[PDB]
């Protein structure tokens, strides 16, 4: 599917040691273009996911401080079913890629801004995929539920950008995102 080069934020999220990876079945996926550090802002999504009876993959600018520690401790205790990874890239590119994953998984990118706040996120905002595999260096989203028309539509967007691209570096980056999306299907 779609693989990006960001691995688990803690090896203690691992649940398939034989391969030193985290494997989540039919998980929901929080796409957040912000740094999460307080578990409080995560409660609405955590309660939603526990209600639907499925694990949660968090892909954010970062998950640190008390939020990371509380998620790890509670994952080790079997009280929460989650794994957290850093979103790929930085700055505007990070946002663009989070949106790629959102399109692929039928989710929406939470990022504070205006009507995109985390505490107000709903199950609908979360993405979904058949499986997710996470190891020290990478994250692989398998069979995202995003509509193919939506995925191809975004690929079309990215390709038009390549056209406008006026630098090998940028052209290089955009083509990289296409490969991960078009191949993600």
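Rigid core: the largest C-alpha set superposing within 1.5 Å between the two forms. Residue numbers count along the first chain shown, from 1.
To spell it out: superpose each other structure in 4 other deposited structures of this protein onto this one by the rigid core, compute Cα RMS over structures and residues for 114-122 and for 131-139. Which is larger?
Between 114-122 and 131-139, the one lying farther away in 4 other deposited structures of this protein is 114-122.
Core fit done; bigger CA RMS in 4 other deposited structures of this protein for 104-112 or for 72-80?
Clearly, after the core fit, the stretch farther away in 4 other deposited structures of this protein is 72-80.
72-80 or 97-105, whichever carries the higher mean Cα B-factor:
It is 72-80 that shows the higher mean C-alpha B-factor.
Look over 52-60 and 147-155 in the entry and identify the one with the greater average Cα temperature factor.
Between 147-155 and 52-60, it is 147-155 that shows the higher mean C-alpha B-factor.
Among modelled residues of the same chain, the CA temperature factor third for residue 124:
Answer is middle: the recorded C-alpha B-factor places it there.
Residue 116: which third of its chain by C-alpha temperature factor?
Highest third, going by the recorded CA B-factors of the chain.
Lowest, middle or highest third of the chain for the C-alpha temperature factor of residue 169?
Top third by C-alpha B-factor.
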